[PDB]
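To start, the structure itself, in structure tokens.
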Amino acid sequence: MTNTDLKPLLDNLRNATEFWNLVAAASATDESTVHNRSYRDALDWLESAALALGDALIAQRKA
Amino acid sequence: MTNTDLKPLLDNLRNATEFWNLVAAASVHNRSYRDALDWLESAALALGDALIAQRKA
């Protein structure tokens with residue numbers, strides 16, 4: 001909940017989202033095998049970065 | 001970004017995370033599992049895109 005503590009978790013989520021957005025743009029021309037791999041990778045990073053920030057928000061509320 | 005703009009987006013991600021964790025703790029199987037995954041992805045993307053949208057000037 002501190003601006004200091006949240007910064008690396010917010011940057012990680014922002015970058016995962018920028019990667020996801022790039023994957024979405026590339027999916028207009030990617031072959032399907034390339035898309036499925038990139039999309040699975042982007043979803044994994046989106047989820048892990050979201051959950052890391054969410055678990056820190058949960059832990060801070062419990063205080 | 002501003003602490004008042006963040007709060008709703010952070011609240012939604014926190015709730016989606018607590019929901020996700022509890023679905024996982026009880027074990028692509030359930031109506032609740034699908035809704036929690038949907039809500040996690042949507043809260044992650046909403047906050048991610050707001051961070052991108054703000055960081056322009």
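In what follows, every chain begins at residue 1, and chains take the letters A, B, ... in the order their sequences are listed.
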Any donor-acceptor N/O pair, A/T2 side chain to A/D5 backbone, under 3.5 Å: no
Heavy-atom pairs under 4.5 Å with chain B, option from A/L51, A/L10, A/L53, A/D11 with the top count: A/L51
Closest contact, heavy atoms only, A/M1 versus A/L6: N-CD2, 3.4 Å
The single option from B/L22, B/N15, B/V23, B/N21 passing side-chain contact (heavy atoms from CB on, under 4.5 Å) against B/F19: B/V23
Those residues of residues 27-50 of chain A, ordered by number, that approach chain B below 4.5 Å (heavy atom to heavy atom): A/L43, A/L46, A/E47, A/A50
Worked verdict on B/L9 versus B/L13 for side-chain contact (heavy atoms from CB on, under 4.5 Å): CA-CA 6 Å; B/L9 297 170; B/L13 179 59; over 6 Å; no
Over all atoms of both residues, closest heavy-atom pair of A/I58 and B/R14: CG1-CG, 3.7 Å
Residue pairs involving residues 51-63 of chain A (criterion salt bridge (charged side-chain N to carboxylate O under 4.0 Å, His left out); sequence neighbours excluded): none
